[PDB]
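Engineer:
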Amino acid sequence: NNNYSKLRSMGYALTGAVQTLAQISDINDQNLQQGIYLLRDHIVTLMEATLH
Amino acid sequence: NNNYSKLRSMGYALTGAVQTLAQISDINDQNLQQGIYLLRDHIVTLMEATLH
Amino acid sequence: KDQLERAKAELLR
Numbered sequence: 573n574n575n576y577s578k579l580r581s582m583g584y585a586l587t588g589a590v591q592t593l594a595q596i597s598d599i600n601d602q603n604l605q606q607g608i609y610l611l612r613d614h615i616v617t618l619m620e621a622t623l624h
Numbered sequence: 573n574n575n576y577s578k579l580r581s582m583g584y585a586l587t588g589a590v591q592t593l594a595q596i597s598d599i600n601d602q603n604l605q606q607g608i609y610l611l612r613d614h615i616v617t618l619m620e621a622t623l624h
Numbered sequence: 890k891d892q893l894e895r896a897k898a899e900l901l902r
């Protein structure tokens, strides 16, 4: 119950949240980019044949 | 003006920012996903008719 | 959410 101790403990928790939030943000952004790339590739493949 | 008090007050502010940032990130990601889904649905609907 | 809640719990005492 030291005045510094229950502050050090909260300092421990106040950084894993930031780290995990960054990780989830990166995962979401990468998934969105991959989906967009797959969609554009399929669209181009479909688009060539009708022109020909 | 207690040495712990003006630290507790800053600890108060140093978490709502993280919470709101997470909320805004989720909102943006969901909006992007919904837009992509709407675009792909419309593209598929347009794509079937020209093939037929 | 639990981490932020514990952060807010580690200050009311």
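Chains as they are written, first to last, in PDB author numbering: chain D, 573 to 624; chain E, 573 to 624; chain F, 890 to 902. Where is the CB? At the ideal position from N, CA and C, for every residue including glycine.
(1) Taking contact to mean 3 or more Cβ pairs, one atom from each stretch, closer than 8 Å, check whether the segment 892 to 901 of chain F and the segment 574 to 591 of chain D are in contact.
(2) So residue 641 of chain D and E/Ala594 are supposed to be a Cβ contact under 8 Å. How far apart are they, rounded?
(3) With a threshold of 8 Å between beta-carbons, can E/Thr587 be considered close to chain F, or not?
(4) Can you tell me whether DSSP reads F/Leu901 as helix, strand or coil?
(5) Could you pull the start and end residues of the alpha helix (DSSP H) that D/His614 belongs to?
(6) Using a Cβ-Cβ distance cut-off of 8 Å, determine whether D/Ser597 contacts chain F.
(7) Just the C-alpha distance for D/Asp598 and D/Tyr576, rounded to the nearest angstrom, thanks.
(8) Can you give me the C-alpha to C-alpha distance between D/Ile608 and F/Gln892, rounded to a whole angstrom?
(9) Check whether chain E comes within 8 Å of D/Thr617, counting only Cβ atoms and requiring the distance to be less than that.
(10) Skipping 5 residues on each side, what residues in its chain have a beta carbon closer than 7 Å to that of E/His624?
Structural biologist: According to the structure shown:
(1) With a cut-off of 8 Å, the segment 574 to 591 of chain D and the segment 892 to 901 of chain F count as touching, because enough Cβ pairs lie within range.
(2) The structure shown has nothing for residue 641 of chain D, since chain D only spans 573 to 624.
(3) Yes - at least one Cβ of chain F is within 8 Å of the one on E/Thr587.
(4) DSSP places F/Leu901 in coil when its eight states are reduced to three.
(5) First-last of the alpha helix (DSSP H) with D/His614: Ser577 to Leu623.
(6) No, D/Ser597 does not count as interfacial toward chain F.
(7) Looking at the backbone, the Cα of D/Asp598 and that of D/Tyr576 are separated by about 34 Å.
(8) The alpha-carbon atoms of D/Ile608 and F/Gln892 are separated by roughly 33 Å.
(9) No, D/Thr617 lies away from the interface with chain E (no Cβ there is under 8 Å from its Cβ).
(10) No residues qualify anywhere along the chain.
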